[PDB]
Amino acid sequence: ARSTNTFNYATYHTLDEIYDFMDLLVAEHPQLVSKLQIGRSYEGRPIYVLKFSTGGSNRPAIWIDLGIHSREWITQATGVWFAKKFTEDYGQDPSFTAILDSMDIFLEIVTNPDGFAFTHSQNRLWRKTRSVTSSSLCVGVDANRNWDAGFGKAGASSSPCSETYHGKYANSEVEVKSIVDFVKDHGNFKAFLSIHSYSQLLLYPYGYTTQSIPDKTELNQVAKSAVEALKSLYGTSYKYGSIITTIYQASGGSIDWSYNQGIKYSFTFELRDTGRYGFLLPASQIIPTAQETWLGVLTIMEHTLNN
């Protein structure tokens, strides 16, 4: 691919192809997109975040991370499509244009690069990071159980070999701490969205406690509107609700942390499908998934802008 216009959005890519894609996009829209490095992975790979902005200084921002669980390939594929979509819709779509004229968007397409490379090289179903534990032969931590929100509590495992191992201590994984520091230093984030797969669900806090959030009524209606918008394209059916009541108890989650930091609009998406293909979703469903997911995400962005 020599231009983001010749890039194949209908197929799965490697880490190098996604990283090259980032530089092409920045070179093509220098006035709108910029690439930031917020840290390095355990194995030394750079951790990139794309910033979409039309100016200003520390404007209210929207955070979107995809691929924290490496085997969920549909998310990184959706992230690349999203990045391109932002550059094409600005100045064409009234709604999105108004959003970008007042807010900045931070997009992290590959949140767990070490795991992503491993899924391409050794094990397609690997989900954790690749950090080495002092006294154990098992590798990795579940990056979505390593956050400082009910850390170490029921809903995660203390065994290094577990698929849901929470780690030695909150923020022990550099891939997580890098996001924590960035968001805290910025201090003006209004929405925080984490993209996962699969099961077709839209969730809001909390996952580690049965306690209801003070903003339940509002987020519940925002979530309802988002799924209605998402379903309008191809009829894909989504369920919504808090993490603990919709799935089960889970500790150390990212949106539980972001919400406790004051970021009101914290949501987690679980994309296609409902089990037919699971994590191995066919390449031919990449674009349809991205297109419908976009409508749901845009709906939450619109709400964030007016409140």
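Position 1 is the first residue in the sequence shown; the rest follow in order.
J.: For the higher mean C-alpha B factor in the entry, choose 29-37 or 65-73.
T.: On average, C-alpha B-factors are higher across 29-37.
J.: Quick check: 79-87 versus 230-238, which has the larger average CA B-factor in the record?
T.: Between 230-238 and 79-87, it is 230-238.
J.: Check the PDB entry and point out which of 120, 196, 177, 128 has the largest C-alpha temperature factor.
T.: Across 120, 196, 177, 128, the entry lists the biggest C-alpha B-factor for 120.
J.: Between 205, 113, 150, 187, let me know which has the highest C-alpha B-factor in the entry?
T.: Top of the list by C-alpha B-factor: 187.
J.: Among all modelled residues of this chain, ranked by Cα B factor, put residue 276 in the bottom, middle or top third, i.e. lowest, middle or highest.
T.: Answer is highest: the recorded C-alpha B-factor places it there.
J.: In terms of the CA temperature factor given in the entry, to which third of its chain does residue 58 belong: lowest, middle or highest?
T.: Top third by C-alpha B-factor.
J.: Classify residue 168 as lowest, middle or highest third according to the C-alpha B-factor given in the PDB entry, relative to its own chain.
T.: Highest third.
J.: Which third, lowest, middle or highest, does the CA B-factor of residue 248 fall in along this chain?
T.: For residue 248, the deposited C-alpha B-factor lands in the highest third.
J.: State the tercile, meaning the lowest, middle or highest third, of residue 93 with respect to the CA B-factors recorded for its chain.
T.: Its C-alpha B-factor, which the entry lists for residue 93, ranks in the highest third among residues of this chain.
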